[PDB]
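Working notes, beginning with the structure itself.
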Amino acid sequence: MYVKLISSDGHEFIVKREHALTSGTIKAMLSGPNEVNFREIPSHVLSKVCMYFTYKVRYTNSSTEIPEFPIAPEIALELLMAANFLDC
Amino acid sequence: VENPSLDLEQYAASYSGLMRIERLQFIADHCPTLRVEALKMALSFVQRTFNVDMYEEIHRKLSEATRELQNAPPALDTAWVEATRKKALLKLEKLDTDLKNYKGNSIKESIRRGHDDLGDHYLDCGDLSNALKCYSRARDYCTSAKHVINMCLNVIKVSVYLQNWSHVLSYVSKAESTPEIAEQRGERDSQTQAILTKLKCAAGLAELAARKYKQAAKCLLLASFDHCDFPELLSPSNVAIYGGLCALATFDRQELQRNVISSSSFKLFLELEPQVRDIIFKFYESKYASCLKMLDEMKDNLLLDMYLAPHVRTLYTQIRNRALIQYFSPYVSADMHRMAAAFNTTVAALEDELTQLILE
Amino acid sequence: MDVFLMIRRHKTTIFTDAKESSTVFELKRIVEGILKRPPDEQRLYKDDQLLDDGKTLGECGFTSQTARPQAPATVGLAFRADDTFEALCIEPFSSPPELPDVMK
Amino acid sequence: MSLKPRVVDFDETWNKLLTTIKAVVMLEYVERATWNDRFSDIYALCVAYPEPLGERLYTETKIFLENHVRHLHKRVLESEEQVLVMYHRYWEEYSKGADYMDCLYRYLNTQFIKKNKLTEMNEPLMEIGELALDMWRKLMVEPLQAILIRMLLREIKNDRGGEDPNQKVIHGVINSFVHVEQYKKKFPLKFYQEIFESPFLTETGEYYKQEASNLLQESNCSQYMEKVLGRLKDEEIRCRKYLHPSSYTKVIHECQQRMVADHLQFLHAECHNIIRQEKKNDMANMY
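Protein chains in written order, with the deposited numbering: chain Q, 17 to 49, 58 to 112; chain A, 77 to 149, 160 to 446; chain P, 1 to 104; chain O, 1 to 120, 132 to 298.
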């Protein structure tokens with residue numbers, strides 16, 4: 017019917033039936049038209073990948089601004105090296 | 077350096093674009109009091125073609141000119167500025183979304199057409215890097231060879247202002263030697279197609295910059311009289327001046343009778359050029375006085391020709407030297423007083439000219 | 001812009017999509033694409049603006065950076081009543097010390 | 001991430017994992033509620049930190065998948081052509097069943113395909140589908156070639172006369188030949204061509220040549236050529252019932268070349284006769 021994300025820290029997000037095209041991955045897991061789970065890793069990876077996927081569903085085919093995703097200041101070298109470690 | 081022998085009515089008619097701005101630039105370099113009205117006409121021109129940055133730049137330099145018009149005798163429609171700029175950025179998002187839609191529709195004709203049109207609108211912005219992205223993503227994304235030709239034509243229209251002739255000439259030669267021109271037809275079998283004559287103009291600008299002017303005139307030889315149309319680069323009087331005077335400056339008298347008088351492809355271009363034809367007649371009849379006279383008269387107007395301006399000083403020096411060799415050749419004993427009458431000069435300064443020639 | 005909203009509570013989090021020229025009535029019709037809700041007697045409250053059905057976001061100004069896809073200013077959903085508001089829980093990230101090198 | 005120990009939670013997740021997978025092995029009747037169960041499986045996989053665990057977990061899945069295939073192999077132990085239908089059912093469901101397994105597997109793919117897979132030792136990391144085909148071809152050895160292809164052959168017999176037991180079964184057996192092929196799928200066509208096709212070409216070509224030749228002498232040769240034209244088409248019909256891309260292509264011309272040996276001469280002779288006496292239809296068929 018409707019689906020829902022669950023995280024390690026309880027991001028139990030209600031995910032749509034009809035117009036969830038902003039999501040790409042959960043569209044493959046529409047057991048309808058439900059308990060999508062990624063609980064073993066802390067959310068500094070998972071919420072990062074989810075916001076980067078929202079970012080990435082928009083910012084394709086963009087000859088204008090495709091901004092480098094903001095990454096924390098003590099790892100401001102991993103502002104670039106998240107390409108090496110966490111894909112943002 | 078102000079020459080009043082220019083025709084801005086023709087350049088308003090036969091041309092438009094940045095050169096209407098750029099020749100004013102040489103006005104702004106050297107030839108003043110011919111500036112403010114064509115600056116306002118160019119400002120009204122950049123009220124079209126989606127350009128706001130350079131519109132405000134013309135408004136700024138027109139404010140500079142207005143500070144100059146505190147002695148001699160600007161328009162910023164900010165409503166237009168914000169409306170057009172938001173329309174342009176929203177249409178950038180429209181066509182990014184349409185780029186998504188047409189990759190969903192998967193027509194490389196239409197997709198690469200969108201790349202071409204986006205590069206056209208980045209010319210309309212002045213974003214030569216973003217137009218370079220768009221035509222770089224129109225580069226190997228075409229269907230036929232004719233569309234690669236049209237892509238390289240647009241890149242050469244950018245290259246009018248790029249002029250970075252390392253790989254800008256790789257795009258120029260990608261239109262020239264690469265695409266098997268009209269697939270072994272010659273711009274479809276007796277050209278009216280304004281492509282090869284655009285390659286004449288492009289090689290003229292290139293070896294104007296890259297200074298092998300003999301090959302430039304060698305390109306400029308065989309232009310077609312059929313089309314003769316572009317509002318930034320191609321008017322047949324100006325390209326006639328280009329080809330005829332580069333050929334007069336770079337080619338020997340063997341070819342000056344063998345490829346200049348005989349040049350039937352370029353013949354109607356010199357029918358558009360009565361003074362160039364008369365200079366040709368006097369120089370070939372060795373009438374050095376009035377020939378070099380008209381030469382140095384139109385030297386100021388080809389100094390008004392912005393790109394020819396640094397090179398016309400070199401090449402008319404060469405043409406005067408060519409006339410001096412034409413005088414010096416057939417004799418054993420020539421009076422310099424005869425030569426003073428022939429080259430409109432004295433003896434001693436003429437002697438110093440000849441001594442400069444004696445050096446090599 | 002083409003705004004990917006983030007209606008973010010602790011667990012109520014909808015990543016829905018709208019425009020800068022989009023309204024609130026048809027946004028609720030896209031909320032009717034989410035959970036089948038009538039726009040007429042409901043008001044999307046953000047606790048920031050009286051947002052009735054026909055108010056356009058061009059009058060509000062949700063531009064590209066004011067409303068980013070991965071991080072908008074979210075046109076707020078209410079926990080649906082007359083005057084409520086879904087409690088905005090923007091989820092925290094981790095806080096690192098200065099740059100380790102073993103995790104690369 | 002750093003959320004918890006990466007090694008520990010294999011067992012609970014695997015239990016839920018197997019519970020849901022068994023539901024899908026070729027088909028345990030997954031419904032929406034069961035789908036919810038599969039989602040709880042998503043929870044199970046997602047709770048685990050399957051980085052070292054997932055490959056093992058998938059391995060366990062592989063083992064269970066193999067035993068299920070073995071169970072099915074026990075299940076193929078049946079009667080005649082009914083088994084073709086049953087096999088077709090197995091393959092049809094099996095693709096879907098493994099497919100659902102793949103759906104569950106979808107997350108695992110990103111876990112190891114993005115990160116590290118062999119496919120990028133006896134420890135492969137690839138698709139469950141590719142895995143399933145390999146496991147499934149083990150099933151393919153005896154029943155496909157022994158019974159199924161032979162039944163397809165009988166269906167060829169059905170082409171000669173009769174009608175094809177069910178195409179679900181027989182064409183499906185052909186499909187069984189193709190599915191059970193090289194796991195690499197380098198030669199997807201080979202088993203049918205290797206085991207079956209030689210006798211197929213031989214018998215079909217020989218029978219048509221001999222029978223058609225007798226009938227050719229018996230029933231108006233010129234028209235009979237037209238009849239042969241129809242005959243091959245009938246062969247085409249049955250070859251359509253159970254089909255493979257290579258069979259019909261060769262077998263039809265084979266008969267043509269065979270029969271023309273009998274009458275190379277009549278072709279032109281009757282053709283000349285057509286020239287002599289206008290016979291347009293004979294001309295059409297002969298053409």
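A virtual CB, placed ideally from N, CA and C, is assigned to each residue, including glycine.
Let me know the beta strand (DSSP E) ranges lying completely inside the segment 213 to 238 of chain O, each 3 residues or longer, listed in chain order.
Correct list: empty.
Could you check what DSSP says for residue 59 of chain Q in three-state terms: helix, strand or coil?
In this structure, residue 59 of chain Q counts as strand in the three-state DSSP scheme.
Checking the sheet assignment: what are the DSSP bridge partners for residue 21 of chain Q?
Bridge partners of residue 21 of chain Q: Q/60.
With DSSP as the reference, identify every bridge partner of residue 7 of chain P, one or two as the case may be.
Bridge partners of residue 7 of chain P: P/14.
Quick one, which residues of the segment 100 to 118 of chain A are near chain Q if we go by CB-CB under 8 Å, in chain order?
Cβ contacts with chain Q come from no residue of the segment 100 to 118 of chain A.
Please identify, using Cβ separations under 8 Å, the residues of the segment 28 to 47 of chain O that lie next to chain Q, in order along the chain.
Going along the segment 28 to 47 of chain O in chain order, one finds 32, 35, 36, 38, 39, 40, 42, 43, 44, 45, 46, 47 with a Cβ nearer than 8 Å to chain Q.
Please decide whether residue 2 of chain P counts as near chain A, where near means a Cβ-Cβ distance under 8 Å.
Residue 2 of chain P counts as touching chain A.
Expressed to the nearest angstrom, what Euclidean distance is found between the alpha-carbon atoms of residue 162 of chain O and residue 265 of chain A?
One C-alpha to the other measures close to 60 Å.
To the nearest angstrom, how far is it from the Cα of residue 42 of chain P to the Cα of residue 72 of chain O?
C-alpha separation (whole angstroms): 57 Å.
Could you tell me the alpha carbon to alpha carbon distance between residue 21 of chain O and residue 200 of chain O, rounded to whole angstroms?
Each residue's alpha carbon lies about 31 Å from the other.
Do you know how far the Cα of residue 235 of chain A is from the Cα of residue 213 of chain A?
Each residue's alpha carbon lies about 22 Å from the other.
Our contact map puts residue 262 of chain A next to residue 294 of chain A with C-beta atoms below 8 Å; I'd like the distance itself, whole angstroms only.
The pair is not a contact, with the Cβ atoms about 16 Å apart (cut-off 8 Å).
Indicate the three-state DSSP secondary structure (helix, strand or coil) for residue 30 of chain Q in the structure shown.
Correct three-state label for residue 30 of chain Q: strand.
When you compare the CB positions of residue 44 of chain O and residue 58 of chain Q, do they come within less than 8 Å of one another, or not?
For residue 44 of chain O and residue 58 of chain Q, no; Cβs fall outside 8 Å.
With a 10 Å radius around its C-beta and 16 neighbouring C-beta atoms as the bar for buried, classify residue 272 of chain O as buried or exposed.
That one is exposed.
Around the C-beta of residue 17 of chain Q, are 16 or more other C-beta atoms found within 10 angstroms, so that it is buried, or is it exposed?
It counts as exposed.
Closest to residue 112 of chain O by C-alpha separation, out of O/65, O/101, O/51, would be which residue?
The candidate whose alpha carbon is nearest that of residue 112 of chain O is O/51.
Taking the C-alpha atoms as reference points, what is the distance between residue 294 of chain O and residue 215 of chain O?
Answer to the nearest angstrom: the Cα atoms are 27 Å apart.
Under 8 Å by Cβ, that's how I've got residue 185 of chain O and residue 255 of chain O pegged, so tell me the actual separation to the nearest angstrom.
Sure, about 5 Å apart at Cβ, within 8 Å.
Closer than 7 Å between beta carbons: that is the criterion. Which residues of the segment 84 to 101 of chain Q meet it against chain P?
If the cut-off is 7 Å between Cβ atoms, the segment 84 to 101 of chain Q has 96, 98, 99, 101 near chain P.
Report yes or no: is there a C-beta of chain Q within less than 8 Å of the C-beta of residue 1 of chain O?
Yes - at least one Cβ of chain Q is within 8 Å of the one on residue 1 of chain O.
From what residue to what residue does the alpha helix (DSSP H) around residue 153 of chain A run?
The model contains no atoms for residue 153 of chain A, which sits in the stretch where chain A goes from 149 to 160 directly.
For residue 248 of chain A, which residues in the same chain have their Cβ closer than 8 Å to its Cβ, ignoring the five residues on either side in sequence?
These residues qualify, in order along the chain: 214, 254.
Would a check of beta-carbon distances place residue 39 of chain P closer than 8 Å to chain Q?
No, its Cβ sits nowhere closer than 8 Å to a Cβ of chain Q.
Can residue 335 of chain A and residue 374 of chain A be called in contact, C-beta distance under 8 Å?
Their beta carbons are not under 8 Å apart, which means residue 335 of chain A does not touch residue 374 of chain A by this criterion.
Which bits of chain O does residue 48 of chain Q rub up against, with CB to CB less than 9 Å?
The answer, in chain order, is 32, 35.
Can you round the beta-carbon distance between residue 145 of chain O and residue 194 of chain O to whole angstroms, since I take them to be within the 8 Å contact cut?
Yes, they are in contact, since the Cβ atoms of residue 145 of chain O and residue 194 of chain O sit about 4 Å apart, within 8 Å.
Hey, residue 332 of chain A and residue 291 of chain A are a contact pair by Cβ (cut 8 Å); roughly how many whole angstroms apart?
11 Å between Cβ atoms; not a contact.
Helix, strand or coil for residue 169 of chain A per DSSP?
Here residue 169 of chain A sits in helix by DSSP.
Just to make sure I have the definition right: I need the residues of chain Q whose C-beta is within less than 7 Å of the C-beta of residue 4 of chain O. Which are they?
64, listed in chain order.
Going by C-alpha to C-alpha distance, which of A/252, A/232, A/259, A/241 sits closest to residue 269 of chain A?
Comparing Cα positions, the closest option is A/232.
Check whether the segment 98 to 107 of chain Q touches the segment 190 to 201 of chain A, taking contact to mean three or more Cβ pairs, one atom from each stretch, closer than 8 Å.
Contact between the segment 98 to 107 of chain Q and the segment 190 to 201 of chain A is absent, because fewer than three Cβ pairs lie under 8 Å.
Closer than 6 Å by C-beta to residue 67 of chain P: which residues in its own chain qualify, once you throw out the five before and the five after it? Chain order, please.
The answer, listed in chain order, is 3, 73.
Less than 8 Å between the CB atoms is what I'm expecting for residue 177 of chain O and residue 84 of chain O, so what's the real figure, rounded?
Going by Cβ atoms, the distance from residue 177 of chain O to residue 84 of chain O rounds to 7 Å, so yes, they are a contact pair.
Identify, in the order they occur along the chain, each residue of the same chain with its Cβ nearer than 8 Å to the Cβ of residue 296 of chain A, setting aside the five sequence neighbours on each side.
Closer than 8 Å at Cβ, skipping near neighbours: 251, 255.
Using a C-beta to C-beta distance shorter than 8 Å, which residues of chain P count as neighbours of residue 278 of chain A?
Those do not exist, as residue 278 of chain A stays about 45 Å from chain P at its closest Cβ, beyond 8 Å.
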